[PDB]
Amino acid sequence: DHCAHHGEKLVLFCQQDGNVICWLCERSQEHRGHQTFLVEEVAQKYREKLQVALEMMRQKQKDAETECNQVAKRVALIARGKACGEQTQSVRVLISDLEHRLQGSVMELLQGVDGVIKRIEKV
């Protein structure tokens, strides 16, 4: 909950970068013309954004594996089950990440959140 570089409170959320920063960070050239908000005023927006993204991926994952289960119930179908495992990997990691961000604190929720958003957009 503290900026390791400046030793100040991490309480500002930059919309350009999706990072949680301190007031001295806000002055640096990195965020010269960036719009910041209080962490306490963007949490709900992103929390609901990740909740829906988690739900839609859980549904897509449930559909995928119920199908993958029928194949495995027949047993080279083995290589097909291997493909499904490799294709759905990034979803399993993303689902895990969102479950961590939602259950945890506001720091874990928002830091680099916009990066997790764009990864969700990819699938």
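Sequential numbering from 1, following the sequence displayed.
Take the CA temperature factors straight from the PDB entry and tell me which of 71, 38, 93, 52 peaks. Max CA B-factor in the entry, restricted to 71, 38, 93, 52: 71.
Please rank the C-alpha B-factors of the chain's modelled residues and tell me whether residue 27 sits in the lowest, middle or highest third. It belongs to the middle third of the chain when residues are ordered by C-alpha B-factor.
By the record's CA B-factor, is residue 57 among the lowest, middle or highest third of residues in the chain? Tercile = middle for this residue's CA B-factor.
Which third of the chain holds residue 89 when residues are ordered by C-alpha B factor: lowest, middle or highest? It falls in the middle third of the chain.
Which third, lowest, middle or highest, does the C-alpha temperature factor of residue 116 belong to within its own chain? Residue 116: CA B-factor falls in the middle third of its chain.
Consider only the C-alpha atoms of the modelled residues in this chain, order them by B-factor as the entry records it, and name the third containing residue 97: lowest, middle or highest. For residue 97, the deposited C-alpha B-factor lands in the middle third.
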